[PDB]
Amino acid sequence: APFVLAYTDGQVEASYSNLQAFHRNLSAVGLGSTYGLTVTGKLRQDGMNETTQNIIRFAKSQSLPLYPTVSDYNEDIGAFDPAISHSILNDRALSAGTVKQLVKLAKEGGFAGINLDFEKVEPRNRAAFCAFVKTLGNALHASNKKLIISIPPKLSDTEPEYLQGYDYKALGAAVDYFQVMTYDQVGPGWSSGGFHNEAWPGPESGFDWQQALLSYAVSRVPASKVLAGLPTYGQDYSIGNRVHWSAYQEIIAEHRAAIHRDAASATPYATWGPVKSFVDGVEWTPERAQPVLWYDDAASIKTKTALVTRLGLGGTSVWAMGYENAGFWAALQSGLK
């Protein structure tokens, strides 16, 4: 049976109300936008609020496994920060203290384990990250807890260079699940991995891109540990901002948009005027705004989720519960069947 992991965005109230409705779809909940580690090696839960407290209580009531998702997101600046991993990984005391805090959290909180979400590990810290994750996985396992790691997806053992701080083989060996963050392929200002002719606007999570990234993942990590990733958000290029799955058809209806679809990415988009394209590294600006929403629908979610079966993956993962509706989960299940 596929392992289906939903990350709740604790900063949106709908994460809790959605869980109440959609919990049966899930194998586990990753508690998102809540927990982080600091440059000083402190575990924080400064994102904690009543929404997430309610999610925790509800999941426990349903015997649904919970994983705090502990990130290198710096709340002072609202961004993922390489300074956090650079500090913790290279200091013996900070590394050890981080591990103990994480085990304490999992034990005292009655959680199934920890989802490590360090997104800004640099290539200079590759060996140090392997050492840390090995220690963390061992410590959690010794306390009868599990470890999931979230991974910014790379193309190969060598590409891109900036992601070579992540040793897929070693990290895969240390964890229970290897969650591949197959989203944010293209957005206002960027286009990743050499796909989509390095143009934006484009897909949040293209099929061709996912297939390449997941094919690489299973070549280094046992496929049964690998989780695909799906976004429940898209990009409105007229305003340069993310929009939620629940709002896609509202945006389309407001603009009387014309629905279209891209073959290579198997991703729908809706336009309400002529669209010009830019390239990776050319920033979105109001002057460069385009009348197009790149989104997903039942057909695209079904097609993308078929990769779980095709590649023999252990399951899939969703960022985030709180942005979606019943139709998203119906489409996901239709692709797992």
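Numbers follow the displayed sequence, beginning with 1.
**Student:** Can you tell me which stretch has the higher mean Cα B-factor, 71-79 or 204-212?
**Tutor:** It is 71-79 that shows the higher mean C-alpha B-factor.
**Student:** For the higher mean C-alpha B factor in the entry, choose 248-256 or 233-241.
**Tutor:** So the stretch with the higher mean C-alpha B-factor is 248-256.
**Student:** Looking at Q62, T34, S27, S300, which has the highest CA B-factor as recorded?
**Tutor:** Going by the entry's C-alpha B-factors, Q62 comes out highest.
**Student:** Which listed residue, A320, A14, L313, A21, has the largest C-alpha temperature factor in the record?
**Tutor:** Result of the comparison over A320, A14, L313, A21: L313.
**Student:** Among the modelled residues of this chain, does the Cα B factor of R126 put it in the lowest, middle or highest third?
**Tutor:** Middle third - that is where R126 ends up once the chain's C-alpha B-factors are sorted.
**Student:** Can you tell me whether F178 has a C-alpha B-factor in the lowest, middle or highest third compared with the other modelled residues of the same chain?
**Tutor:** It falls in the bottom third of the chain.
**Student:** Looking at the entry's B-factor column for C-alpha atoms only, identify whether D296 ranks in the lowest, middle or highest third of its chain.
**Tutor:** According to the entry, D296 has a C-alpha B-factor in the chain's lowest third.
**Student:** Split the chain's modelled residues into thirds by Cα B-factor; is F58 in the lowest, middle or highest one?
**Tutor:** For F58, the deposited C-alpha B-factor lands in the middle third.
**Student:** So where's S150 on the chain's Cα temperature factor ranking, which third?
**Tutor:** For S150, the deposited C-alpha B-factor lands in the lowest third.
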